[PDB]
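A.B. asks: Quick one: structure below, then a few questions.
With ideal geometry, Cβ positions are generated from the backbone for all residues, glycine too; neighbour counts draw on all protein chains shown. No lab work stands behind these numbers, since they all come straight from the coordinates.
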Amino acid sequence: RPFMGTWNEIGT
Amino acid sequence: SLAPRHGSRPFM
Amino acid sequence: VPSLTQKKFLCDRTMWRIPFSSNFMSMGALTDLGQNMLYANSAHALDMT
Amino acid sequence: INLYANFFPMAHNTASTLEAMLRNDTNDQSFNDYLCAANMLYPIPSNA
Amino acid sequence: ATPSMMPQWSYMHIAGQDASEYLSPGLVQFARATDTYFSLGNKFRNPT
């Protein structure tokens, strides 16, 4: 589930 | 912090 | 008396925006269409009016 | 009078995996009404 | 992403790692240790 807004490892 | 509660830099 | 209506949307202190993302949302700093290869790793022109 | 709807341009590869994934009986969506009412009005004669 | 422009992007935190894994671990420990009065958090980048 790589839909996130990855900052440096997925997830807000 | 630390564990004797609050503080700052005698812990690296 | 008979009447004809007028309108406006006075909106000061702000600048009109248009995100450069596909959904128009605010996905992140680096947009989702600022890294889509067709717009980076390539060249393009621009023409507004 | 005109209805109006705003669609999220969801990626198809992932939207289709939402249908076959939110349509499941287990994952159905259940709501609640905030006020949680059982409203009832009771008349009162003047000066009662 | 866009691999041909990934290196420089990552070099200057254009789209690289957060300020908890490129920072030398000692420095992150330091900043977490003295964020209460000498916050260094805003001196750095957290690319999104």
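A.B. asks: Based on alpha-carbon atoms only, what is the radius of gyration of the protein assembly as shown relative to the globular estimate 2.2 N^0.38 Å?
C.D. replies: Numbers: Rg = 27.2 Å, N = 169, 2.2 N^0.38 = 15.5 Å.
Against the empirical 2.2 N^0.38 Å value, I get 1.76 for the protein assembly as shown.
A.B. asks: As a test of the definition: which semi-axes, in Å, follow for chain C when you take the square root of five times each eigenvalue of its alpha carbon gyration tensor? Largest first, please.
C.D. replies: 38, 15, 10
A.B. asks: Quick one: what are the phi-derived ³J(HN,Hα) couplings along the stretch D:3-12, Karplus 6.51/-1.76/1.60 with θ = phi - 60°, whole Hz, x for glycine and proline?
C.D. replies: Values per residue, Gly and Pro as x: 6, 8, 9, 10, 9, 7, x, 4, 4, 5 Hz.
A.B. asks: Follow-up question, since we're still on this one. Give me the inter-chain shielding for E:35-48: mean count of other chain Cβ atoms within 10 Å, whole number please.
C.D. replies: For peptide E:35-48, the averaged partner shielding equals 2.
A.B. asks: Follow-up. So what J values fall out for the stretch E:37-45 if you push phi through Karplus, 6.51 cos²θ - 1.76 cosθ + 1.60 with θ = phi - 60°, rounded to Hz, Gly and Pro as x?
C.D. replies: 10, 10, 3, 9, x, 7, 6, 10, 10
A.B. asks: Give the peptides E:24-31, D:14-21 in descending order of average Cβ contacts within 10 Å, highest first. Provide the component values of the computation, followed by the final result.
C.D. replies: Details: E:24-31: 12.8, D:14-21: 10.2.
Most protected by this proxy first, the peptides run E:24-31, D:14-21.
A.B. asks: So what are the ³J(HN,Hα) numbers for the stretch A:2-9, from phi and the Karplus equation (6.51, -1.76, 1.60; θ = phi - 60°), rounded to whole Hz, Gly and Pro as x?
C.D. replies: x, 9, 5, x, 2, 8, 8, 5
A.B. asks: Between the stretch C:1-20 and chain E, what is the separation of their alpha carbon centroids in Å?
C.D. replies: The stretch C:1-20 and chain E have Cα centres spaced 42 Å from each other.
A.B. asks: Order of C:38-47, C:24-33, D:33-42 by packing, highest average Cβ count within 10 Å first?
C.D. replies: C:24-33, C:38-47, D:33-42
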